[PDB]
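Next up, protein-v9.cif (mmCIF, C-alpha atoms):
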data_my_file
#
loop_
_atom_site.label_atom_id
_atom_site.label_comp_id
_atom_site.auth_asym_id
_atom_site.auth_seq_id
_atom_site.Cartn_x
_atom_site.Cartn_y
_atom_site.Cartn_z
CA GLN I 1254 43.32 -45.63 74.71
CA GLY I 1255 44.64 -49.05 73.73
CA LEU I 1256 42.29 -51.94 73.05
CA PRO I 1257 39.32 -49.57 73.62
CA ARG I 1258 40.48 -47.18 70.88
CA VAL I 1259 40.72 -50.18 68.56
CA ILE I 1260 37.15 -51.08 69.52
CA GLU I 1261 36.00 -47.53 68.71
CA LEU I 1262 37.70 -47.82 65.33
CA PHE I 1263 36.14 -51.17 64.41
CA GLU I 1264 32.72 -50.31 65.87
CA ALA I 1265 32.75 -46.98 64.01
CA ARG I 1266 31.32 -45.49 67.20
CA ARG I 1267 31.49 -41.75 67.90
CA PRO I 1268 35.06 -40.78 68.94
CA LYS I 1269 35.89 -40.09 72.62
CA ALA I 1270 36.80 -36.39 72.39
CA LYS I 1271 35.20 -35.23 69.13
CA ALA I 1272 37.15 -32.64 67.16
CA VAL I 1273 34.62 -31.39 64.57
CA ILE I 1274 35.09 -31.95 60.80
CA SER I 1275 35.77 -29.86 57.68
CA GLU I 1276 33.38 -30.00 54.69
CA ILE I 1277 34.62 -28.15 51.63
CA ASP I 1278 37.99 -26.89 50.38
CA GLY I 1279 39.54 -23.51 49.47
CA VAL I 1280 41.98 -21.33 51.45
CA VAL I 1281 42.10 -21.80 55.25
CA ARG I 1282 40.72 -18.60 56.76
CA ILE I 1283 39.39 -18.79 60.32
CA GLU I 1284 38.14 -15.95 62.54
CA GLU I 1285 39.82 -15.07 65.84
CA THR I 1286 37.77 -14.37 68.96
CA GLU I 1287 34.07 -14.97 69.87
CA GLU I 1288 32.49 -18.01 71.59
CA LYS I 1289 31.42 -19.22 68.13
CA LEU I 1290 34.59 -19.05 66.00
CA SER I 1291 33.39 -17.39 62.80
CA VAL I 1292 35.41 -19.35 60.21
CA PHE I 1293 35.33 -18.16 56.59
CA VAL I 1294 37.25 -20.43 54.19
CA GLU I 1295 36.52 -19.66 50.48
CA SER I 1296 36.13 -21.80 47.34
CA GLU I 1297 33.39 -21.30 44.74
CA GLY I 1298 30.16 -19.92 46.19
CA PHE I 1299 30.57 -21.62 49.56
CA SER I 1300 32.19 -20.44 52.80
CA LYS I 1301 32.66 -21.70 56.36
CA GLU I 1302 31.10 -21.28 59.83
CA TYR I 1303 31.28 -23.63 62.83
CA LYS I 1304 30.45 -23.94 66.54
CA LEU I 1305 32.35 -25.88 69.27
CA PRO I 1306 33.00 -25.63 73.07
CA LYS I 1307 35.67 -23.35 74.57
CA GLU I 1308 38.74 -25.65 74.75
CA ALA I 1309 39.99 -26.45 71.23
CA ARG I 1310 43.24 -26.17 69.23
CA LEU I 1311 43.36 -25.33 65.51
CA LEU I 1312 46.93 -25.78 64.19
CA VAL I 1313 46.18 -23.73 61.04
CA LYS I 1314 45.76 -19.96 60.56
CA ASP I 1315 44.48 -18.06 57.52
CA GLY I 1316 46.61 -18.95 54.48
CA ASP I 1317 47.05 -22.47 53.13
CA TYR I 1318 44.85 -25.45 52.33
CA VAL I 1319 41.74 -26.58 54.22
CA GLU I 1320 40.55 -29.64 52.24
CA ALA I 1321 38.02 -32.14 53.63
CA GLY I 1322 38.45 -33.83 57.02
CA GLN I 1323 41.52 -31.91 58.24
CA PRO I 1324 42.85 -30.91 61.71
CA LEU I 1325 40.15 -28.58 63.08
CA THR I 1326 39.88 -29.20 66.84
CA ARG I 1327 42.85 -31.63 66.53
CA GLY I 1328 41.96 -35.05 67.90
CA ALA I 1329 39.81 -38.06 67.12
CA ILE I 1330 38.15 -37.46 63.77
CA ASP I 1331 34.63 -38.81 63.34
CA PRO I 1332 34.66 -41.58 60.70
CA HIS I 1333 30.93 -41.04 60.05
CA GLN I 1334 31.37 -37.33 59.30
CA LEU I 1335 34.58 -37.99 57.36
CA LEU I 1336 32.71 -40.43 55.12
CA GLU I 1337 30.44 -37.70 53.78
CA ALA I 1338 33.25 -35.16 54.05
CA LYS I 1339 35.89 -36.84 51.89
CA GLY I 1340 34.57 -40.16 50.61
CA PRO I 1341 34.63 -43.98 51.05
CA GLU I 1342 38.15 -44.33 49.67
CA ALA I 1343 39.68 -41.99 52.24
CA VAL I 1344 38.06 -43.67 55.24
CA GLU I 1345 39.56 -47.03 54.36
CA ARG I 1346 42.97 -45.34 54.35
CA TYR I 1347 42.31 -43.60 57.68
CA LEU I 1348 40.92 -46.33 59.93
CA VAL I 1349 43.51 -48.98 59.03
CA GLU I 1350 46.25 -46.41 59.65
CA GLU I 1351 45.21 -45.41 63.18
CA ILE I 1352 44.25 -48.97 64.12
CA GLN I 1353 47.65 -50.27 63.03
CA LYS I 1354 49.21 -47.27 64.82
CA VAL I 1355 47.83 -48.48 68.14
CA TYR I 1356 49.34 -51.94 67.63
CA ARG I 1357 52.58 -50.27 66.57
CA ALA I 1358 52.69 -48.58 69.95
CA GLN I 1359 52.72 -51.79 72.02
CA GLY I 1360 55.34 -53.52 69.87
CA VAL I 1361 53.21 -56.10 68.13
CA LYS I 1362 53.21 -55.87 64.35
CA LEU I 1363 50.67 -57.43 62.02
CA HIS I 1364 50.36 -56.91 58.28
CA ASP I 1365 47.94 -54.20 57.09
CA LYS I 1366 45.97 -56.66 54.93
CA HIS I 1367 44.24 -58.28 57.87
CA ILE I 1368 42.90 -54.94 59.07
CA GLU I 1369 42.05 -53.91 55.52
CA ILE I 1370 39.73 -56.89 55.14
CA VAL I 1371 37.65 -56.01 58.18
CA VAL I 1372 37.55 -52.30 57.40
CA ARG I 1373 36.44 -53.24 53.88
CA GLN I 1374 33.64 -55.25 55.49
CA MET I 1375 32.49 -52.23 57.48
CA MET I 1376 31.90 -50.46 54.17
CA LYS I 1377 29.90 -53.04 52.21
CA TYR I 1378 26.49 -51.56 52.96
CA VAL I 1379 25.02 -48.42 51.40
CA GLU I 1380 21.76 -46.56 52.11
CA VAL I 1381 19.33 -45.72 49.28
CA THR I 1382 18.89 -42.07 48.14
CA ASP I 1383 17.01 -42.51 44.84
CA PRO I 1384 14.38 -45.25 44.24
CA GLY I 1385 13.62 -47.19 41.04
CA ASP I 1386 12.82 -50.75 42.13
CA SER I 1387 13.15 -50.81 45.94
CA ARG I 1388 12.61 -48.11 48.54
CA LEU I 1389 14.85 -45.20 49.53
CA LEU I 1390 16.55 -45.03 52.96
CA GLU I 1391 17.19 -48.79 52.67
CA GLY I 1392 20.36 -50.43 53.95
CA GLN I 1393 21.95 -52.55 51.23
CA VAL I 1394 25.24 -54.09 50.04
CA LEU I 1395 27.15 -52.18 47.35
CA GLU I 1396 27.94 -55.21 45.19
CA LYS I 1397 24.22 -55.94 45.13
CA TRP I 1398 23.85 -52.48 43.63
CA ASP I 1399 26.37 -53.58 40.98
CA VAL I 1400 23.90 -55.88 39.23
CA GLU I 1401 21.23 -53.16 39.46
CA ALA I 1402 23.04 -50.75 37.13
CA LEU I 1403 24.98 -53.44 35.21
CA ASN I 1404 21.88 -55.45 34.21
CA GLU I 1405 19.46 -52.52 33.78
CA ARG I 1406 21.96 -50.78 31.44
CA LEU I 1407 23.82 -53.55 29.56
CA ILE I 1408 20.87 -55.96 29.23
CA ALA I 1409 17.69 -54.03 30.10
CA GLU I 1410 16.30 -50.60 29.15
CA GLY I 1411 15.24 -49.41 32.61
CA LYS I 1412 17.39 -46.26 32.80
CA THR I 1413 16.53 -45.45 36.40
CA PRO I 1414 19.99 -45.91 37.99
CA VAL I 1415 19.28 -45.89 41.71
CA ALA I 1416 21.62 -43.53 43.55
CA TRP I 1417 23.21 -45.17 46.56
CA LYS I 1418 24.91 -43.39 49.42
CA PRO I 1419 28.09 -44.90 50.94
CA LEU I 1420 27.37 -46.14 54.44
CA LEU I 1421 29.87 -46.64 57.27
#
Serialized structure, structure tokens:
Amino acid sequence: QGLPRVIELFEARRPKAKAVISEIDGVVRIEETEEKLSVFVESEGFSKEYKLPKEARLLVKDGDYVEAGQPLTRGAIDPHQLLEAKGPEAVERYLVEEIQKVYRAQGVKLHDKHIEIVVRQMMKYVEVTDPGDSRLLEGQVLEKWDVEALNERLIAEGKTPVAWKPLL
């Protein structure tokens, strides 16, 4: 729960006690009883519906704001799920925060920059969704995808912008 938690944060490994994840937004509206809690949020066209073990706390009844990657089963959020849940920008703000929190506990205090560098490095690669020159499902650096679009649009005529998917 000290150094190990830090490891789990930098290694992006699956959290110790997973606590599910939220996908879409709308008004928080969860069910009540049943083994499978029959959540039903809202928004436009969508809804909600999950499935976790018995022991779990919610912290939010039917009323307010659900958003993406919120307290569901209250605990260690999965960075991998949160990446597709909220986006690359949010993850960078999450990891650094909890990492630094751990160091804050044991009285040693380092600037956030140092952490921010590493966490930025854990987000350089992205997996291919749409092919045009190389293959899909391919691990690749984001900045390398910069020249793809930049050169094919500003200098070339190949209007097949390959869609990349953020990869943690």
Output the residue selection produced by the PyMOL selection byres ((chain I and resi 1267-1283) around 7) on the file above, formatted as a PDB file with C-alpha atoms, in the coordinates of the input.
ATOM      1  CA  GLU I1261      36.000 -47.530  68.710  1.00  0.00           C
ATOM      2  CA  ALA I1265      32.750 -46.980  64.010  1.00  0.00           C
ATOM      3  CA  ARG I1266      31.320 -45.490  67.200  1.00  0.00           C
ATOM      4  CA  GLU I1284      38.140 -15.950  62.540  1.00  0.00           C
ATOM      5  CA  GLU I1285      39.820 -15.070  65.840  1.00  0.00           C
ATOM      6  CA  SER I1291      33.390 -17.390  62.800  1.00  0.00           C
ATOM      7  CA  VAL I1292      35.410 -19.350  60.210  1.00  0.00           C
ATOM      8  CA  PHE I1293      35.330 -18.160  56.590  1.00  0.00           C
ATOM      9  CA  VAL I1294      37.250 -20.430  54.190  1.00  0.00           C
ATOM     10  CA  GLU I1295      36.520 -19.660  50.480  1.00  0.00           C
ATOM     11  CA  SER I1296      36.130 -21.800  47.340  1.00  0.00           C
ATOM     12  CA  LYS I1314      45.760 -19.960  60.560  1.00  0.00           C
ATOM     13  CA  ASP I1315      44.480 -18.060  57.520  1.00  0.00           C
ATOM     14  CA  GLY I1316      46.610 -18.950  54.480  1.00  0.00           C
ATOM     15  CA  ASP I1317      47.050 -22.470  53.130  1.00  0.00           C
ATOM     16  CA  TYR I1318      44.850 -25.450  52.330  1.00  0.00           C
ATOM     17  CA  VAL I1319      41.740 -26.580  54.220  1.00  0.00           C
ATOM     18  CA  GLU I1320      40.550 -29.640  52.240  1.00  0.00           C
ATOM     19  CA  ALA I1321      38.020 -32.140  53.630  1.00  0.00           C
ATOM     20  CA  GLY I1322      38.450 -33.830  57.020  1.00  0.00           C
ATOM     21  CA  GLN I1323      41.520 -31.910  58.240  1.00  0.00           C
ATOM     22  CA  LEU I1325      40.150 -28.580  63.080  1.00  0.00           C
ATOM     23  CA  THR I1326      39.880 -29.200  66.840  1.00  0.00           C
ATOM     24  CA  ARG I1327      42.850 -31.630  66.530  1.00  0.00           C
ATOM     25  CA  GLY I1328      41.960 -35.050  67.900  1.00  0.00           C
ATOM     26  CA  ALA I1329      39.810 -38.060  67.120  1.00  0.00           C
ATOM     27  CA  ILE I1330      38.150 -37.460  63.770  1.00  0.00           C
ATOM     28  CA  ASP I1331      34.630 -38.810  63.340  1.00  0.00           C
ATOM     29  CA  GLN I1334      31.370 -37.330  59.300  1.00  0.00           C
ATOM     30  CA  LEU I1335      34.580 -37.990  57.360  1.00  0.00           C
ATOM     31  CA  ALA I1338      33.250 -35.160  54.050  1.00  0.00           C
TER      32      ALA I1338
END
### Task
Decode the PyMOL selection byres ((chain I and resi 1255-1257) around 9) for the given file into explicit residues and return them as a ChimeraX atom specification.
/I:1254,1258-1262,1355-1356,1358-1359
Excluding residue 1405 in chain I and its own-chain neighbours fewer than 6 positions away, which residues fall within 8 Å of it when counting all atoms listed in the file? Please give them as a PDB file with C-alpha atoms, keeping the file's coordinate frame.
ATOM      1  CA  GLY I1411      15.240 -49.410  32.610  1.00  0.00           C
ATOM      2  CA  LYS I1412      17.390 -46.260  32.800  1.00  0.00           C
ATOM      3  CA  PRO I1414      19.990 -45.910  37.990  1.00  0.00           C
TER       4      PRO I1414
END
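Omitting residue 1396 in chain I and its sequence neighbours fewer than 4 positions away, and counting only C-alpha atoms, the residues within 9 Å are residues 1377, 1378 and 1400 of chain I.
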Okay, now the selection with C-alpha atoms, as a PDB file, in the frame of the given file?
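As written to disk, again24.pdb reads:
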ATOM      1  CA  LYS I1377      29.900 -53.040  52.210  1.00  0.00           C
ATOM      2  CA  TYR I1378      26.490 -51.560  52.960  1.00  0.00           C
ATOM      3  CA  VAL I1400      23.900 -55.880  39.230  1.00  0.00           C
TER       4      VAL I1400
END
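Picked out by the PyMOL selection byres ((chain I and resi 1373) around 12) when it runs on this file: residues 1263, 1341, 1342, 1343, 1344, 1345, 1346, 1347, 1348, 1349, 1365, 1366, 1367, 1368, 1369, 1370, 1371, 1372, 1374, 1375, 1376, 1377, 1378, 1394, 1395, 1420 and 1421 of chain I.
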Enclose range 1293-1312 of chain I, meaning all of its atoms listed in the file, in a box aligned along x, y and z, pad it by 4 Å on each side, and list the centre and edge lengths in Å to one decimal, as lines of an AutoDock Vina configuration file.
center_x = 38.5
center_y = -22.3
center_z = 59.7
size_x = 24.8
size_y = 16.3
size_z = 38.0
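When only C-alpha atoms are used to compute distances to residue 1389 in chain I, the closest of the residues I:1304, I:1416, I:1312, I:1360 turns out to be I:1416.
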#### Entry: Distance criterion (all atoms listed in the file): nearest to residue 1288 in chain I out of I:1340, I:1324, I:1384, I:1306
I:1306
### Task
To one decimal in Å, tell me the separation between CA of residue 1352 in chain I and CA of residue 1419 in chain I.
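Result for CA of residue 1352 in chain I versus CA of residue 1419 in chain I: 21.2 Å, one decimal.
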### Query
What is the distance between CA of residue 1311 in chain I and CA of residue 1354 in chain I, in Å to one decimal?
22.7 Å
### Query
Between I:1313, I:1415, I:1305, I:1290, which has the minimum distance to residue 1391 in chain I (counting all atoms listed in the file)?
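Of all the options, I:1415 lies closest to residue 1391 in chain I.
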Can you give me N, CA and C atoms for range 1275-1294 of chain I, written as a short mmCIF file (atom, residue, chain, number, x, y, z; two decimals), in the frame of the given file?
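Below you can see result.cif, which holds the result:
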data_model
loop_
_atom_site.label_atom_id
_atom_site.label_comp_id
_atom_site.auth_asym_id
_atom_site.auth_seq_id
_atom_site.Cartn_x
_atom_site.Cartn_y
_atom_site.Cartn_z
N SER I 1275 35.83 -30.85 58.75
CA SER I 1275 35.77 -29.86 57.68
C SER I 1275 34.93 -30.42 56.53
N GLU I 1276 34.25 -29.55 55.78
CA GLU I 1276 33.38 -30.00 54.69
C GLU I 1276 34.01 -29.79 53.33
N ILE I 1277 34.09 -28.52 52.93
CA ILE I 1277 34.62 -28.15 51.63
C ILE I 1277 36.06 -27.63 51.70
N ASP I 1278 36.62 -27.36 50.52
CA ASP I 1278 37.99 -26.89 50.38
C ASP I 1278 38.08 -25.39 50.05
N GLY I 1279 39.26 -24.93 49.65
CA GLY I 1279 39.54 -23.51 49.47
C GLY I 1279 40.78 -23.09 50.24
N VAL I 1280 40.87 -21.81 50.62
CA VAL I 1280 41.98 -21.33 51.45
C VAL I 1280 41.58 -21.30 52.94
N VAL I 1281 42.41 -21.87 53.82
CA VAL I 1281 42.10 -21.80 55.25
C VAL I 1281 42.02 -20.34 55.66
N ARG I 1282 40.85 -19.91 56.11
CA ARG I 1282 40.72 -18.60 56.76
C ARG I 1282 39.72 -18.70 57.91
N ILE I 1283 40.23 -18.70 59.14
CA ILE I 1283 39.39 -18.79 60.32
C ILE I 1283 39.30 -17.42 60.98
N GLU I 1284 38.26 -17.19 61.78
CA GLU I 1284 38.14 -15.95 62.54
C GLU I 1284 39.18 -15.92 63.66
N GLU I 1285 38.89 -15.19 64.72
CA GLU I 1285 39.82 -15.07 65.84
C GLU I 1285 39.13 -15.33 67.17
N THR I 1286 38.54 -14.27 67.72
CA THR I 1286 37.77 -14.37 68.96
C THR I 1286 36.28 -14.62 68.68
N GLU I 1287 35.49 -14.57 69.76
CA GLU I 1287 34.07 -14.97 69.87
C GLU I 1287 33.90 -16.41 70.38
N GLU I 1288 32.80 -16.67 71.09
CA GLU I 1288 32.49 -18.01 71.59
C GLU I 1288 32.28 -18.96 70.40
N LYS I 1289 31.53 -18.50 69.40
CA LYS I 1289 31.42 -19.22 68.13
C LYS I 1289 32.44 -18.68 67.12
N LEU I 1290 33.55 -19.39 66.98
CA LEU I 1290 34.59 -19.05 66.00
C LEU I 1290 33.97 -18.89 64.62
N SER I 1291 34.07 -17.69 64.05
CA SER I 1291 33.39 -17.39 62.80
C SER I 1291 34.27 -17.66 61.57
N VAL I 1292 34.55 -18.94 61.32
CA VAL I 1292 35.41 -19.35 60.21
C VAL I 1292 34.87 -18.83 58.88
N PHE I 1293 35.75 -18.60 57.91
CA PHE I 1293 35.33 -18.16 56.59
C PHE I 1293 36.35 -18.61 55.55
N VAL I 1294 36.25 -19.86 55.10
CA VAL I 1294 37.25 -20.43 54.19
C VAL I 1294 37.29 -19.71 52.83
#
